[PDB]
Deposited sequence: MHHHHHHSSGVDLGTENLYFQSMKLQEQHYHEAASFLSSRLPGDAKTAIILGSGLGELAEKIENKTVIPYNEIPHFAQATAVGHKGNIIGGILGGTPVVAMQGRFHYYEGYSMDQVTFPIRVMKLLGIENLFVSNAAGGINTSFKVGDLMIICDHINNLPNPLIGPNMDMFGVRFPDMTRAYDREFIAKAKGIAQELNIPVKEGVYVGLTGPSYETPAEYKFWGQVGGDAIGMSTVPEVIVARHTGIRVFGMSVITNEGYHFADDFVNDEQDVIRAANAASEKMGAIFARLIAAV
């Protein structure tokens, strides 16, 4: 109760004494943003293992300038499939709030479950379906937000419009769709992929949804994109999903996805 509040304050205080303190946007460097940390100038690098109460995982907080703009980046992320509690997965988001972060940008890798979404496509996330445990289960922390937060437009529409404009300017094709969050860590069966596609999902991944719920609970505006890293449909007789193939697609998308996120930061 009071201990929980204290833990948030301790992490925030530790980071606040170290970071530039001018960032208003935080970015989770998920799949597809693998080139972005290198682009941050005048880096202050703070290992996760040094920050009070951050889950034991590299993992670094990186402060600096990206796209001409102050940023805080989360290099490394905590996934529910790794055994972290939802409190651990989402702890850094509430720390960002205490630092004065107003906006959260996030990327991830996802399997396409709508046939218009192909390997290598970059999908702006317009909505999600949560099939992981809700991270807000437990006593409400009033310091962060209300008991029953609204999720009608969890993915900020103005950020979406700006990102579409940026993609057009940069001549980068983008798709837009619904992200379905599952725990994993096994990839889905064809029956599962089909089910989620049938009920309106466009891509499926194992992250992001918990952070988005927690961000929205505390009023942070969210922009998210998925790299479509694999196609969960039209399976060849010998098709196998493979982490190295997912990473191949994530790596291949990083330049262009990174260009969008880097241009978006100054626009928000």
Quiz prompt | Stretches of the record's deposited sequence for which the structure holds no C-alpha atoms | solution = 1 to 22, 80 to 84
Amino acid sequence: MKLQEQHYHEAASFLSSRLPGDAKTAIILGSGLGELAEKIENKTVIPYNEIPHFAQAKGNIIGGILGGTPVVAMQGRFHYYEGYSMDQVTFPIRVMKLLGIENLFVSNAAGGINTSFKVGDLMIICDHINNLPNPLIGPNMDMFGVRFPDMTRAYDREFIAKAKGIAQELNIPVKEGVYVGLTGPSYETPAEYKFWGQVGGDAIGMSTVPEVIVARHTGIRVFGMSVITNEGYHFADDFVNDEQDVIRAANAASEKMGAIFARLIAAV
From here on, numbers count along this sequence of modelled residues.
Quiz prompt | Stretch with the higher entry mean CA B-factor, where the candidates are 32 to 40 and 219 to 227 | solution = 32 to 40
Quiz item: If you average the CA temperature factors over each stretch, which comes out higher, 259 to 267 or 3 to 11?
Solution: 3 to 11
Quiz item: Which one of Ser186, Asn134, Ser85, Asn103 shows the biggest C-alpha B-factor in the PDB entry?
Solution: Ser85
Quiz item: Which one of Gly111, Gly76, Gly145, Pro190 shows the top CA temperature factor in the record?
Solution: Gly76
Exercise. Pull the Cα B-factor of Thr208 out of the PDB entry and bin it into the chain's lowest, middle or highest third.
Key: lowest
Quiz item: Of the three thirds of its chain by CA temperature factor, lowest, middle or highest, which one includes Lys175?
Solution: highest
Quiz item: Based on the entry's values, in what third of the chain does the Cα temperature factor of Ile51 lie: lowest, middle or highest?
Solution: highest
Quiz item: By its CA B factor, does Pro139 count among the lowest, middle or highest third of the modelled residues in the chain?
Solution: highest
Exercise. Compare the C-alpha B factor of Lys162 with those of the other modelled residues in its chain, then answer lowest, middle or highest third.
Key: middle
